[PDB]
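Going letter by letter, the sequence shown gives residues 4 to 125, 127 to 261 in the entry's author numbering.
Below: the structure, in structure tokens.
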Amino acid sequence: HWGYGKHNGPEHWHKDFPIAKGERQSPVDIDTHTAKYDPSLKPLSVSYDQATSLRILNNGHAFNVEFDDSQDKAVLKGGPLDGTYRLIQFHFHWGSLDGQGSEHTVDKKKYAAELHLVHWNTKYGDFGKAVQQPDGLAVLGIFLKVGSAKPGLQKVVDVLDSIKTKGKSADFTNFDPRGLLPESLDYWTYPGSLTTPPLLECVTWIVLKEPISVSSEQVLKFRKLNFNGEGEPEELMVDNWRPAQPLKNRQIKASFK
Ligand SMILES: Cc1cc(C)nc(Sc2c(F)c(F)c(S(N)(=O)=O)c(F)c2F)n1
Ligand SMILES: [Zn+2]
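Here it is, written out as structure tokens:
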């Protein structure tokens, strides 16, 4: 039932998923002046050299690039984290227009899109059990602005016409997610939630300070996807972002400045 329209969009989600009005929901606006520098935060460790992508999937909300997470091959650790989190999939949220699309905002600024690299804590053995735990996931969020193309994004963009509609998948091997990372790993971090139902409060968010730039041609090709299944009326997959939620009793920490 849930989605991103007038009738089933984010302001409706609480009726199926009451935790939507919970105490640690995401995304949030990152007010950069009030984020606390924490000199004891460590550098983020991104170890993606052995990443095994497998498939790319249009699940009707976004598209996910899935990885083999049955061994420690693409892991995130250090930063604010204890122990080791395995990359399971990434996806993006984007707008109908370049002026919107990101879920987190920075001093109320919206970016054209936001990439989420989703990782689960190995001490919980799999994704499904990790999401039930308050330290189960670590999501690395990277903003996209439109400008020069991101060469490392182009293989994703080029396969989109093969998974246009909900339920479609395609083989997607040998994709290297290092090609999507900006130069700096300076980050902000706070405890939050999944930004789509079930909205579970299991995520340590790590949002990079530096956006990557992608071309208008790349993000236009995101907007040609469809939220519908094949043979259903065309509904463009645009504006699949949840707006900022109340910070409540949380402090956003910065690894820098
Ligand atoms: C209980 C359960 C089971 C399964 C298989 N997926 C999930 S989904 C999920 C989700 F709902 C999210 F919002 C996010 S996110 N956008 O990066 O915050 C996510 F990464 C996810 F992987 N939840
Ligand atoms: Zn997401």
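The C-beta atom is built at its ideal place from N, Cα and C for all residues, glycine as well.
Evaluate residue i with the Cβ neighbour count: other Cβ atoms within 10 Å of its Cβ, from every protein chain shown; 16 or more gives buried, anything less gives exposed.
i: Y40; result: exposed
i: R182; result: exposed
i: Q255; result: exposed
i: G129; result: exposed
i: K9; result: exposed
i: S152; result: exposed
i: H119; result: buried
i: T200; result: buried
i: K80; result: buried
i: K261; result: exposed
i: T37; result: exposed
i: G102; result: exposed
i: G132; result: exposed
i: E205; result: buried
i: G235; result: exposed
Check whether the Cβ atoms of residue i and residue j sit closer than 9 angstroms, and answer yes or no.
i: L57; j: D71; result: yes
i: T177; j: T125; result: no
i: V78; j: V150; result: no
i: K257; j: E26; result: no
i: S219; j: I22; result: no
i: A134; j: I210; result: no
i: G6; j: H64; result: yes
i: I33; j: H107; result: yes
i: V31; j: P250; result: yes
Leaving out five residues before and five after residue i in sequence, what residues of the same chain have Cβ atoms less than 7 angstroms from its Cβ?
i: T35; result: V109, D110
i: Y114; result: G104, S105, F147, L148, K149, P215
i: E239; result: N230, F231, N232
i: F20; result: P201, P202, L203
i: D175; result: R58
What residues match up with residue i in a beta bridge as DSSP calls it?
i: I216; result: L148
i: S56; result: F70
i: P195; result: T208
i: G81; result: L47
i: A142; result: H122, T208
i: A153; result: Its beta-bridge partners do not exist; DSSP assigns none.
i: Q92; result: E69, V121
i: residue 2; result: Nothing can be reported for residue 2, as the shown portion of the chain is limited to 4 through 261.
i: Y128; result: Paired residue(s): none; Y128 is not in a bridge.
i: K257; result: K39, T193
Cutting at 6 angstroms between CB atoms, please list the residues of its own chain near residue i, excluding the five before and the five after it.
i: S259; result: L44, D190, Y191
i: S99; result: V242, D243
i: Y51; result: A77, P181, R182
i: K24; result: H17
i: residue 1; result: With the chain running from 4 to 261 in the structure shown, residue 1 is simply not present.
i: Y194; result: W209, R254, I256
i: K154; result: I216, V218
i: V121; result: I91, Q92, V143
i: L84; result: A142
Suppose the cutoff is 8 angstroms on Cβ atoms and the five residues either side in sequence are ignored; what does the same chain contact list for residue i look like?
i: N61; result: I167, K168, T169, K170, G171, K172, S173, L229, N230, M241
i: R227; result: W97, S99, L240, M241, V242
i: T55; result: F70, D71, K76, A77, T177
Return the Cβ separation of residue i and residue j in integer angstroms, given the expectation that the two are a contact with Cβ distance under 8 angstroms.
i: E117; j: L148; result: 7 angstroms
i: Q28; j: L203; result: 7 angstroms
i: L47; j: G82; result: 4 angstroms
i: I59; j: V163; result: 6 angstroms
i: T208; j: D139; result: 7 angstroms
i: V160; j: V68; result: 6 angstroms
i: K213; j: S188; result: 7 angstroms
Say the cut is 8 angstroms; is the CB of residue i nearer than that to a heavy atom of ligand 3?
i: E205; result: Among the ligands present in this structure, namely ligand 1 and ligand 2, ligand 3 is not found.
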